[PDB]
Amino acid sequence: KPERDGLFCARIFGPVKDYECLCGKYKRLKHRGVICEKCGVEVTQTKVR
Amino acid sequence: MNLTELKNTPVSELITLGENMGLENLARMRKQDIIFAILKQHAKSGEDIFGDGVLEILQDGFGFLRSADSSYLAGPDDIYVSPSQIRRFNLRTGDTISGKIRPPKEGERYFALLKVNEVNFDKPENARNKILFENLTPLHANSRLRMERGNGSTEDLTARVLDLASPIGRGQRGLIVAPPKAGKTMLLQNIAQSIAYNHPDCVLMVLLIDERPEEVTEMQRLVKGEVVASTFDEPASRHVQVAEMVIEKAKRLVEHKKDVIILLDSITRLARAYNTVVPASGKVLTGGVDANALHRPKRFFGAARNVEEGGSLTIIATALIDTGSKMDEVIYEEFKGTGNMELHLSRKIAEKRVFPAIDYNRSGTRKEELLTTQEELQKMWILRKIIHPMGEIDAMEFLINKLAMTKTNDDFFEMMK
Amino acid sequence: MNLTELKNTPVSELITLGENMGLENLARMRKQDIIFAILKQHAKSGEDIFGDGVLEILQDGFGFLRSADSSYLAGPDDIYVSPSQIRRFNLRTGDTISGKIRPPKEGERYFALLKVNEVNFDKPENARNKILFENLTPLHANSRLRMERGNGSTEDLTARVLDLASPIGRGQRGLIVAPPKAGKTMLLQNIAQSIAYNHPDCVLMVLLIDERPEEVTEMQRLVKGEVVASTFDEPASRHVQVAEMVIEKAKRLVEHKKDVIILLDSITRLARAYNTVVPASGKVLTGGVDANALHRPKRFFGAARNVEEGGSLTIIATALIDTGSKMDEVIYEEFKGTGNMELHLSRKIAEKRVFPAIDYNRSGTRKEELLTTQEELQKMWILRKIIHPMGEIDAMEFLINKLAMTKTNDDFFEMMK
DNA sequence: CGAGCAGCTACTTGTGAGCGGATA
DNA sequence: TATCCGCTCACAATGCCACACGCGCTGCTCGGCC
RNA sequence: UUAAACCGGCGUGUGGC
Ligand SMILES: Nc1ncnc2c1ncn2[C@@H]1O[C@H](COP(=O)(O)OP(=O)(O)O)[C@@H](O)[C@H]1O
Ligand code: BEF
Ligand SMILES: [Mg+2]
Ligand SMILES: [Zn+2]
C-alpha cells in the first residue's frame, strides 16, 4: 500500500481502488464521499489519482 | 489535564466535563476518545498539556506512552515520543515518562512529548546514571513480609495459614498449584489486601490474565496500586503486549531500587496465549507446545529475583491443573522446578467448603532460614512435626480450628506450646 | 586489558573504569559491551591487546574464543581466530588460547587473534606434540581423595558420611540418585569446598544446569576454580553449547595431563534439553525420548575415565527421580548402569530434617580395593557389616550420632572398635 | 525495518545563433 | 567602439510490424511519527 | 435500507516491408 506521505499516497492523490479506502473501513456506497478517521481520504474511483 | 486524573473518573463524569468545556457531546465516542478530544480542546485553548505514560518501543524506533486505565494497551491516549529521547537517555521499556506535550496537527495521530520532566518518579539523570537489570546479582529473599491482617477475621484464616505454613519475602518466586474450584480469586484478593493494609511501605502491582469483566471490576477498585488486567476481549497478541509492558515496567522500577510485587493468575493461560502468538518450528512436543514457545514463559516466571543493593522483585503466580489436557500438565512440570517457592491448593477439601485448602505436605520454601529467625524457626518446625502425623483432612481441621480460636501467630504458639 | 581481570570486577567498577578512560558513559550498555568498548578504546590508544579465550569450532572453519564470566557463551567479547591456526596446530575445542589481538575494523565483528602465545598453560609445541582423547587407555580410579574437612563442623557430617560409605577417586564416574527436596545444592557446595580446601593440588570445575540466578550467584563466588552455569535465560541450544564447551575443555585439559573434576546437576535436565534440540526420527519410545537423543547424554556421562599416564577426569553428577513423569525414570535406568560409581539420597529421612540422608544400602563403589588399602578396607567392611542389621532410619541415627561425637575417620574407627 | 545509494560514452554533419574577440 | 570571424553549443536525423532480451550483490548511510 | 453481477514504461539487439 502507499506510504503515509511518500511519493505514492492515498490522502494526497486518491484511493488505489474503486470505492475502497486503504484501511477498508468505508467500502459501501453510502460512505462514498466521506473520509476515514486516520488517513482521511475521500473514497472514490482511481481516475482521481 | 493529566491522564489518570481524568481516567480514574467515570465515563459519565468525563462526558459531562467535555460538554462543560463547550464541545460536541462526547457521549457518542469511547471514554478514551472522550479524553483525547478533551485534551485536544484544552490544547486548542492556547496552552500545553502535562501527560504521563509508560514506555513502549517497537522495531521502528520511537516510543509509545500507554496509560494506566487502558491496561497498558493501544489507544488514542497513548503519547508519541520521538526517538531522539531514546538516543539521548536510552529509555528502555518501563518508564512512566511524565512531561510536557502538544496537540497533534494534520498528518499526525498522537500527542508529541516535547521535554522530559519525570523518569520513574526520579530525576532524568537517573535515566543516564543507573544500572541495567541483566547485570546485578540476584539473591535470595532476605526480608520477611507478614501476611496476617490482625483483626481476627474469617478470611484472616488464609493469611495466617500461609504465615504458619510458608511465609513470603522480598524477591521470592511463588507458584500456586491449584485445580479449578479451589478459591483462587478471593485468595488473591485476601493476600493482596493484607500485604497492602499491613505493609503500605511496599508497593503492589496486580496482574489479571483471562478473567471475567466483573472480576476485572472487582479487582480494579478493591486493591491498592495499579491493577492491570487483560481479559478475552483482546487476542493473545495484546495479552503478550500487556504482559511485556508490565514485566519491563517492573524491571525498570526495580532498577530504580523499588519493591515490586506481581500477582499473576494464571500461568497456563499466558502460556497458551504465547503458543498462539509464536509460529511453529516444524515439530510439536507433548501437549502441543513448541520448542521456543516455552522460552517466553520461562523468562516471564524467572524475572523474579531479590536485589540486595536496593529494591526487590517478588512474584506470586497461580497455575492451572486437573484440566484434562496435557499441555497444562507439561507446563506445570516445567514451572514447578523453576520457582523458588511452591505452594499447593487442594480441591477435595475445597469442594467440602473447608477453606483454605492448603497442602501442608507439598508446601515448601527455598532457604527458609533467611526468612525465619531462631525461635521463630523453632516454633514453625515443632508445629510442622506435630502436624506431620499423616493427615490431610483432619489436618486441615486441626489447623482451621486452632486458627479460628486464636488471633495472632504468637497466641497460637503460646497456647499450643 | 585481559578479559578475566576486567570480568571478575563488578559492573559498576567497569562503568567507572570506562568513564575514567574518557568514553561515552557505558552504564547504558551491558557489561560485555562495556568491556568490548573499553578494549576498542585501549586499542585505539595505539597498542595491542592480550586476550584469552576457550576455543569453539563450528562447521564454518574459524574459531571463537569464549570467556569465563560469560559462562562460555556467545558475546561481543568472544575473540575471532582465523582457521589458519587450526590448520597449523589442529587446535580442537577446549583451548584457553592466550595471545595477542587487534581491534576489528569496519566489516568485522570481533577481535582477531594475531599469534599464539599460550596453549592450555603450555607451550604451543604441545599443540603439535600431544595425544588425543580417543586413543589413550581408560583405567579405574587409583588415587584416593579424602572428603572430610577436618574441623568437626556440622556439615563435615556429609563429607565424613561419604568417606565411610563410598570415597571418591581420580577418574571416577559418580551418579547421585535423589528425589526433590533432599539437600542437593548444599551437598554440592559442601563436597566442592572440602575437595578444594583439603586438596588444592587438584583442580575443580563446577557445572550448573537449570538453577535459579541466586543459586548461580551463590555458587560462583563460593567455590574455587571456574564456575560454569547455564540457567533458564538461555534455550536448550545454548544449554548444549555450554555443555559441549565444558566437556571439550575438560577433555583437552586431561590431554594436557591435568586432574579435572566436573560437578554436574542434574542429568535429567540436560537430557530434556538435548531431546529438545535433536529432531525426531519418526518414532517415540517410553517417556517420550528419541533413538539418538540418548547418544549425546550417554557420551556426556561416559567421557569420565582415569588416565594412568598423566592427568585424570572425574565427574560427580546428580540425577532427578520421583518427578511423576516417565522420561526421567527411563533416563535414570539408562544412566544407573553406565556409571562406575552410584550413590543414593533418601527423601523420607530428608523430610525429617535428618541430614544427610544417605542410602547406605544402595551405596556402592566399583572396584573399591584400588581406592582403599588393607586395614582401611578391614575397618570399612566391618563397619558395613555391623550397620548391615536391616536399618534405614535408626541406621541414619547411628551414623549421625557416632559421627557427631567424633572428628576424624580414625577417631570413629578406634572409638567403635 | 525499509528503502535507497552506491561501489563493485568518445573520425557525424550540417545549420544555425549566442558569445568572445580583436584590432585598428 | 563597430564589424565581421570564428569558437562553441542546441537540434534534427521515415513509418510500421515481428521477435528476443535483461532493468544485479552487498556494505554503508539515513530516516528519526505504529 | 434489501437482493444480483463484475473488478509495454524505457532502453538494446536482430529481422522484415
Ligand atoms: N546437610 C544438611 N544440613 C542441614 N540441612 C539440610 C542439609 N541438606 C539439606 N538440608 C535442608 O533440606 C533442604 C533442601 O533444600 P532444597 O535446595 O530446596 O532441596 P535440594 O537441595 O534437594 O534441591 C534445605 O532447605 C535444607 O534446610
Ligand atoms: F534444587 Be532441587 F533439587 F530442584
Ligand atoms: Mg538444589
Ligand atoms: Zn481510511
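So basically every Cβ, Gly included, is an ideal-geometry build from the backbone, and we count neighbours across all protein chains shown. What follows is calculated from the coordinates using simple rules that are stated; it is not laboratory data.
Do the conditions hold for C:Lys348, that is, is it in contact (Cβ under 8 Å) with a residue 40 or more places away in the chain and either assigned to a strand (DSSP E or B) or closer than 18 Å to C:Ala250 by Cα (or both)? For C:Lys348, the condition - in contact (Cβ under 8 Å) with a residue 40 or more places away in the chain and either assigned to a strand (DSSP E or B) or closer than 18 Å to C:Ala250 by Cα (or both) - is not met.
Of the residues in segment B:398-411, how many are under 32 Å from the mean Cα position of the chain (by Cα) and either part of a helix (DSSP H, G or I) or surrounded by fewer than 13 Cβ atoms within 10 Å (Cβ to Cβ) (or both)?
Summing the residues that are under 32 Å from the mean Cα position of the chain (by Cα) and either part of a helix (DSSP H, G or I) or surrounded by fewer than 13 Cβ atoms within 10 Å (Cβ to Cβ) (or both) in segment B:398-411 gives 6.
On the stretch given as segment A:3-12, residues that are away from chain B (no Cβ under 12 Å) and either within 14 Å of ligand 4 (Cβ to nearest atom) or surrounded by 14 or more Cβ atoms within 10 Å (Cβ to Cβ) (or both) total 1. On inspection, B:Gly169 does not qualify as farther than 19 Å from B:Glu376 by Cβ, within 14 Å of chain C (Cβ to nearest Cβ) and under 18 Å from the mean Cα position of the chain (by Cα). Selection over segment B:351-371 of residues that are assigned to a loop (DSSP other than H, G, I, E, B) and not charged (D, E, K, R) gives a count of 7. Between B:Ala127, B:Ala141, B:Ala112, the distinction of being within 14 Å of chain C (Cβ to nearest Cβ), more than 25 Å from C:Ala27 (Cα to Cα) and aliphatic (A, V, I, L, M) belongs to B:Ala141 only.
Please determine whether any residue of segment B:377-389 is under 28 Å from B:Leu139 (Cα atoms), touching a residue at least 60 places away in the same chain (Cβ under 8 Å), aromatic (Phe, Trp, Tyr) and more than 16 Å from ligand 3 (Cβ to nearest atom). Checked segment B:377-389: no residue is under 28 Å from B:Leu139 (Cα atoms), touching a residue at least 60 places away in the same chain (Cβ under 8 Å), aromatic (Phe, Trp, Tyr) and more than 16 Å from ligand 3 (Cβ to nearest atom). Within segment A:20-41, is even one residue under 20 Å from B:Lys105 (Cβ atoms), touching an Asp or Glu at 6+ places or on another chain (Cβ under 9 Å), in a loop (DSSP other than H, G, I, E, B) and away from DNA strand D (no atom under 16 Å from the Cβ)? Checked against the condition, which is being under 20 Å from B:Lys105 (Cβ atoms), touching an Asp or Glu at 6+ places or on another chain (Cβ under 9 Å), in a loop (DSSP other than H, G, I, E, B) and away from DNA strand D (no atom under 16 Å from the Cβ), segment A:20-41 yields at least one hit. Could you tell me which residue of segment C:229-243 is farthest from the other protein chains (Cβ to nearest Cβ), considering only residues that are touching a residue at least 60 places away in the same chain (Cβ under 8 Å) and not aliphatic (A, V, I, L, M)? Out of the qualifying residues, it is C:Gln241. Any residue in segment B:135-146 that is small (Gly, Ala, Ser), buried (at least 20 other Cβ atoms within 10 Å of the Cβ) and either touching a helix residue (DSSP H, G or I) at 6+ places or on another chain (Cβ under 8 Å) or on the phi > 0 side of the Ramachandran plot (or both)? For segment B:135-146, residues small (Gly, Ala, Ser), buried (at least 20 other Cβ atoms within 10 Å of the Cβ) and either touching a helix residue (DSSP H, G or I) at 6+ places or on another chain (Cβ under 8 Å) or on the phi > 0 side of the Ramachandran plot (or both): present. With the structure loaded, tell me whether C:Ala196 is aliphatic (A, V, I, L, M) and either within 16 Å of ligand 2 (Cβ to nearest atom) or in contact (Cβ under 8 Å) with a residue 60 or more places away in the chain (or both) or whether it fails that test. No; evaluated as a whole, the condition is false for this residue. Among the residues here, B:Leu6 does not qualify as of a type outside the set (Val, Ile, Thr), within 22 Å of A:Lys38 (Cβ to Cβ), away from DNA strand E (no atom under 16 Å from the Cβ) and without any contact (Cβ under 8 Å) to a residue 40 or more places away in the chain. Is it the case that B:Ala319 is small (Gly, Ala, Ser) and either in contact with a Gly (Cβ under 8 Å, 6 or more places away or on another chain) or more than 12 Å from chain C (Cβ to nearest Cβ) (or both)? Yes; evaluated as a whole, the condition is true for this residue.
Checking B:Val81, B:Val119, B:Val54 one by one, the residue that is within 14 Å of chain C (Cβ to nearest Cβ), buried (at least 22 other Cβ atoms within 10 Å of the Cβ) and either basic (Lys, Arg) or away from ligand 1 (no atom under 16 Å from the Cβ) (or both) is B:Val119 and no other. Please verify whether A:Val16 is out of contact with any strand residue (DSSP E or B) (no Cβ under 8 Å at 6 or more places or on another chain), more than 14 Å from chain B (Cβ to nearest Cβ) and within 16 Å of DNA strand D (Cβ to nearest atom), treating the condition exactly as stated. Judged against the criteria, A:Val16 is a match. Among the conditions (1) part of a loop (DSSP other than H, G, I, E, B); (2) more than 16 Å from DNA strand E (Cβ to nearest atom), A:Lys47 misses just one, which is (1). The residue of segment C:249-308 that is surrounded by the fewest Cβ atoms within 10 Å (Cβ to Cβ), among those that are within 11 Å of chain B (Cβ to nearest Cβ) and among the basic types (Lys, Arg), is C:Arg269. The set of residues in segment C:1-51 being within 12 Å of another protein chain (Cβ to nearest Cβ), closer than 21 Å to C:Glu106 by Cα and among the charged types (D, E, K, R) consists of C:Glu24, C:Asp33.
Any residue in segment B:43-56 that is in contact (Cβ under 8 Å) with a residue 60 or more places away in the chain, within 16 Å of DNA strand D (Cβ to nearest atom) and within 15 Å of B:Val242 (Cβ to Cβ)? For segment B:43-56, residues in contact (Cβ under 8 Å) with a residue 60 or more places away in the chain, within 16 Å of DNA strand D (Cβ to nearest atom) and within 15 Å of B:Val242 (Cβ to Cβ): present. In the set (1) of a type in the set (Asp, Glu); (2) in contact (Cβ under 8 Å) with a residue 12 or more places away in the chain; (3) away from ligand 1 (no atom under 16 Å from the Cβ), C:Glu333 fails one condition alone, (2). Considered as a group, the residues in segment C:172-214 that are over 27 Å from C:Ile400 (Cβ atoms) and of a type in the set (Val, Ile, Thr) include one that is nearest to the other protein chains (Cβ to nearest Cβ), and that residue is C:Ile209. For the structure I just gave you, tell me whether C:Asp163 is of a type in the set (D, E, K, R) and buried (at least 19 other Cβ atoms within 10 Å of the Cβ). Yes, satisfied.
Among the candidates C:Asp233, C:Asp201, the residue that is away from ligand 3 (no atom under 16 Å from the Cβ), under 30 Å from C:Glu125 (Cβ atoms) and of a type in the set (D, E, K, R) is uniquely C:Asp201. If you go through segment C:171-196 and keep only what is in a loop (DSSP other than H, G, I, E, B) and either within 16 Å of DNA strand D (Cβ to nearest atom) or surrounded by fewer than 22 Cβ atoms within 10 Å (Cβ to Cβ) (or both), you end up with C:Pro179, C:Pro180, C:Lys181, C:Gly183, C:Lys184.
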